[PDB]
């Protein structure tokens, strides 16, 4: 996360850190006791045995509850950067209680409103090309960027209705490498997307691109 601040215990009760080959890799959201929502690009085609999920901790290396994966369901039309969602089934159930809770999803057909505030969290880089990965969770608040402005930045066909954008025109606040799959929530803490892609991190006039839960609810509901 670029230009963020440390998350407080219980900020994101549903966030999970996803390690791969024992190293930092992605973020995710706990939907219920055995299901995690992440970005398809975090898991598509990789050996599932390499992954571990950690819930109930601000730290990606210790505390909370861990689980291996039982199965992975990547959106069937995942291609390029589009439809970048995957559902993970956990071999260890994670009960709600304490600092663990399940996400509340945006409504089917909802589209985040340009200008509204959204908060993204993760354990990713704190600068584009940055080396170090935080051990403790970071968060950042950015406004939603209209799809029109976003298409202005990336191209009309690069930004689909299965994506939404967020960022500051001047840059400096964004999701970065290792934040992929993690949550983006609205002002009410409703899960509206998953960190997906962008051009570098926190660049002026290059918004962060998020997989849209509202537009992909049929996929999510089929497998949650």
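Superpose the two forms; the largest set of C-alphas matching within 1.5 Å is the rigid core. Positions refer to the first chain, counted from 1.
J.: Fitting on the core, do the C-alphas of 82-90 or of 126-134 deviate more in 8 other deposited structures of this protein?
T.: Between 82-90 and 126-134, greater C-alpha deviation in 8 other deposited structures of this protein belongs to 126-134.
J.: Between 136-144 and 102-110, point out the one with the higher average CA B-factor as the PDB entry records it.
T.: Taking the mean B-factor of the alpha carbons in each, 102-110 is higher.
J.: If you average the Cα B factors in the entry, which is higher, 182-190 or 36-44?
T.: It is 182-190 that shows the higher mean C-alpha B-factor.
J.: Kindly indicate the residue among 24, 208, 204, 13 with the greatest C-alpha B-factor in the PDB record.
T.: In this record, 204 carries the highest C-alpha B-factor of the candidates.
J.: Looking at the C-alpha B-factor values in the deposited entry, which of 126, 116, 83, 119 comes out highest?
T.: Of the options given, 116 has the highest CA B-factor in the PDB entry.
J.: Could you say whether, by C-alpha temperature factor, residue 56 belongs to the lowest, middle or highest third of its chain?
T.: Answer is middle: the recorded C-alpha B-factor places it there.
J.: What third of its chain, lowest, middle or highest, does the C-alpha temperature factor of residue 163 fall into?
T.: It falls in the bottom third of the chain.
J.: Test of reading the entry: by CA B factor among the chain's modelled residues, which third contains residue 2?
T.: Tercile = middle for this residue's CA B-factor.
J.: Split into thirds by Cα B-factor across the chain's modelled residues, where does residue 199 land: lowest, middle or highest?
T.: Middle third of the chain for residue 199's C-alpha B-factor.
J.: For the chain shown, is the CA B-factor of residue 28 in the lowest, middle or highest third of its modelled residues?
T.: Ranked within chain, residue 28 CA B lands in the lowest tercile.
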